[PDB]
Structure formats: structure tokens, C-alpha cells
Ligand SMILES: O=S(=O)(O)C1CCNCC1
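Before any questions on how it binds or moves, here is one chain, the form solved without the ligand, in C-alpha cells.
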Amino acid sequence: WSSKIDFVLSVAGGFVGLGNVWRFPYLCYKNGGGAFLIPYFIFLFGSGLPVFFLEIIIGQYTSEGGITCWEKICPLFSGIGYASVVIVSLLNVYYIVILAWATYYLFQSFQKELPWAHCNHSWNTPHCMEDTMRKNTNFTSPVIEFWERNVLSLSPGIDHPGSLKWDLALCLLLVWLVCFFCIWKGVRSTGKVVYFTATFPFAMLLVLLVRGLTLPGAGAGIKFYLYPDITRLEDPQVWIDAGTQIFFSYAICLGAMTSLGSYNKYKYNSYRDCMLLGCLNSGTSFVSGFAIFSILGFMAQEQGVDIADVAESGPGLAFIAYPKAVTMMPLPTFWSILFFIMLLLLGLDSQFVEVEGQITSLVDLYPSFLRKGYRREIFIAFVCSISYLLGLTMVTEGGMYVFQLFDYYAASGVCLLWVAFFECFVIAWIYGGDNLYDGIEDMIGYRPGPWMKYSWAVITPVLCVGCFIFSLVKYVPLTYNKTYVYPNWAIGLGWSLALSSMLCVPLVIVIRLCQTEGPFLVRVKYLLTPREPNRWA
């Protein structure tokens, strides 16, 4: 009631999504259970929360979105905004594809028996034994066979596109139509409906966690998830994956948080409200990991296979562990329907915000003719179409590898670290930590501690440079389910996708330097001078 106003901030969002229920457990399973947690917490307490708070501060202080805020903070490094516009452009290409998969599952759960519960279907290989009789050449679980042969129909490689999955294509088209109709009119129920749309995911996750814990053999899965392997920390990929998972969950380095914080009033205590949201999101990820890694332990106990070889290392872990746990609950159809409705709600809640922010940024880029002369709706329908067609490369039979490439490069990997390092360097060494603290004192009412200052100045750039150096020196090529080796051209395409956003900052720097006149020192003096960031106040 009276205190719910604070919870009203939590009603905004940013505490639950597909980056906690889907991406975090799959990344943890790929990079080992316990060894993934230490870099995750290091990036959470050293770079994640500081960068989130910094983006909120920039948005509130400059009262501008992703692009225009850097025009007042440091014009020379304005391309940091543009890179974000690229990243959010790539994410919307593939982040919605997951929904399609879930949508397909939501269409497969409307029958008497779940299709992923028996081997007696037409999409099952001859070597398919039910998990109950698994313990009595190699045998495959019916859930994995349903995921790989019916939902995906996986191809031998990325160079085998095959044909378009008509069911998956129809589901993706339906999801895109829903997004367009929810953006072309901006139909957000809010009211009391937001209560349900915010409490249902936690209600379902609590039941999932209870079911996972009650499953026999979950102790081994929990031990695998918690106890870290020290040697696995030597691989830089664990650190990169943890940092990029933190950034993906916090939606930072995309310009969305700056735009969201621009709505906040100048005299607003956002320091506490950003730490609360970050802690809630991290706790949600940590708790949701326990359910999946207990289901994995139960599956490993019942099948007899190892915990690390019982599911898919790559994407789709949430489509193997959760559907398997659903078949254990009484009346599995109802629980499967609820779980996939929750997944659809979370995905749509994230996608609406991301696509609307991208459209707003692109309209504000040049509204003279994009939204004034020409009808704005024409831009809404077109962009999604461009995002829809580019998604059809992940609808084909061999589209899972393309989705993995996008998930590893388009909105993760070195691009997010690059953007975070540039933001922190611009704020701490160009704008100045004390200069920003002076504004923060007026914005929130008190001077923050040295944690944010030393994270922006030292910790985050050091982490984002060490990650680059160690990932380049110890270069491990990307693999799918630790069995498939991508071709050289696929790796080149992924690196080109990363560079499409990485090169925005240097190109904008070059353009800005070239458009100016005079000796180089005069140009660098003009372009590094803030353009009255707090003119709005």
C-alpha cells in the first residue's frame, strides 16, 4: 500500500526476463556450474551495478536519450550512442526468435499428452529410450529428440540451411505482428494488470524451484552448480560470458537504460533505486539457476549420464530442463501452458521496450522527414519487417547455428565490453569523476562513496581491457554444443557482426574531427567540451 510506491519502481521492470530464466542458466551450463559464478559476481559488484548507475545518471542529468546525451557529455565520443543503436538493432533480430520457439511450445501443449514425454512419435530416432527405462549404441532422451528433431529439425551444419520451418516461421510472424500491434498503438494495459504481469513470473518460478528441489538427486546438481572448478577459471571465455551475461541482464550498453533514466526527475534519489533493481535482478538469476541445475541433477541421476552431458550446452537448456520438470508435476499440461505463457509474457515485455526504444531513437535521429512529413507508422511496420526477414535465417533447419552466432556476437562478446569501457573512460577520464559527483550531489541529495568513482575510473576499464587481451591471446573458436566446429566464414561473419557495432565510435570520431576546422588541438578542445549537460535544470 503506502510502501508499494517503492515497489512501484519495481513495477517498472528490470528485475526478471529472458536473460535470467533462459540465457543465464545456459551460459552457466556451457561454462561449468560453479566456475561461472565467481566472474559473474566480480562483474556484478565491479562493473554491472556501476555501469547501470552511470547510465541512469547520464540519462537523468542530461535529460536526453542514448544518442543526444553524449552530444552534451562528450561530443567527440558521440558514436557510443550510435553503436548502441546498432546493438539494439541486432538484438531485436534474434531476441524475438526465442519467443517463436516458446510460441511453438505453447502450440504443442494444447493436447492430451505432452509431445516431449515419449519416444513413440514420428520424429524420434530408433535409439530413443524413455528416461524411466534409461538405466535398464548411445541413447537420446525423448525431450532432447523433440527439441532437436521436431522444434528445430537441426541440420548437420550452418552451411546446410535446408528449408524454412513453416511452423516456426508462422510463429515468428505471429509474434512480430503482436509486437507491431502493441507498438503501432502502444496498448499497455497497466492499471491492475501490471500486478499480474509482474507477479506471475515469480509465482511460476517459485513452483519450478520447489519441484526441482523436491526431485531426487538434486543434491548432485546443486553441488555441480555451486562448487567452482579453479582451473576452468583460466579460460577467458568464462569471464567474457559472465560479463556479457551481466550486461545483457541489466540491458546496459544498449542505450535503453539512459532513455529510461531520462524520464526520472532531476531531483530524484536514483542511487538506491538502481542498486535495488540490480540486486533484485541478480537474485532472480541466482534463484532461477537453482531450479534448472536441480532438474539437471535429477535428469543425470535418472538417466545415469553425467551432469555436464545430460542436456544441451548451447541455447535451449530452458527448453530441455523445464519441459522435463513439467512432466513430473501433476497435470503437466496446465503447468506447461502456464510456464510457456510466462516465457511469452517476459519475452514480449522485454521486446516491446527494446523495439520501442530503437524506434524512438531512430525517429529522433532525424524527425524532419521521418516522422513529420511521412507517416510515422510506415517506419514502425518497415523496421520490424527488416527485423523479421533477418530472423528467417534462424527459422531454417540450420538456423540454430545462426542464432548461436548472433547470441555470441550480435549483442554480446567484445561489443558490450567495448561500449562499457568507452562509456567508463569518457565519464571518468574526460568528463571527470568529481565533476559528475558534483551533479549527483544535487540530483540525489548526498555524495556517493568512492565505489562508483573507482569502478568507473579503474575497475571496469581494467576488466574490459584484460578480457579483450586474454580472449585475443587465448582465442577459443565458438562451438555449438561443444561438438560442432564453425567454419572460418561463419566466424568471420560473427566478427563482422561484432565490428558493425564496435566501429561506430572510431568512425564517428573521424567524422567529427574531419568536419571541424583548425589545428588538431583546437578541434580536440572543441569536441571534448561538454555542451551544458544540465541545461535542463
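Definition used throughout: the rigid core is the maximal C-alpha set that superposes within 1.5 Å between two forms. Numbering starts at 1 and runs along the sequence shown.
There is another form of the same protein, the form deposited with the ligand bound; it is not shown, and what comes next is about it.
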{"item": "Candidate spot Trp116, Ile292 and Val326, all three touching the ligand in the entry with it bound (heavy atom, 4.5 Å)", "value": "no"}
{"item": "Partner proximity in the entry with it bound: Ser350 to the ligand, non-hydrogen atom cutoff 4.5 Å", "value": "yes"}
{"item": "Contact test in the entry with it bound: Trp101 vs the ligand, heavy atoms, 4.5 Å", "value": "no"}
{"item": "Touches the ligand in the entry with it bound: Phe248 (any heavy atom, 4.5 Å)", "value": "yes"}
{"item": "Exercise: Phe319 in contact with the ligand in the entry with it bound, heavy atom 4.5 Å", "value": "no"}
{"item": "Contact assignment for the ligand in the entry with it bound, among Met400, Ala311, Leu254, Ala242, heavy atom within 4.5 Å", "value": "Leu254"}
{"item": "Interface residue in the entry with it bound among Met299, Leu91, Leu436, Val151, criterion: non-hydrogen atom within 4.5 angstroms of the ligand", "value": "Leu91"}
{"item": "Heavy atom contacts to the ligand in the entry with it bound at 4.5 Å, residues of 14-30 in sequence order", "value": "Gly14, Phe15, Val16, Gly17, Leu18, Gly19, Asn20"}
{"item": "Identity of the moved residue from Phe334, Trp429, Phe110, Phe196, C-alpha shift 2 angstroms or more, core fit between the shown form and the other one", "value": "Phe196"}
{"item": "Is_shifted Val458 between the shown form and the other one (CA, 2 Å cut-off, rigid core)", "value": "no"}
{"item": "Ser361 C-alpha relocation of at least 2 Å between the shown form and the other one, rigid core basis", "value": "no"}
{"item": "Residue shift check between the shown form and the other one, rigid core fit, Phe382 Cα at least 2 Å", "value": "no"}
{"item": "Pair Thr284/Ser10, Cα separation in the entry with it bound versus the displayed form, closer or farther by 3 angstroms or more", "value": "farther"}
{"item": "Cα-Cα trend for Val426 and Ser270, given that in the entry with it bound the distance shifts by 3 Å or more", "value": "farther"}
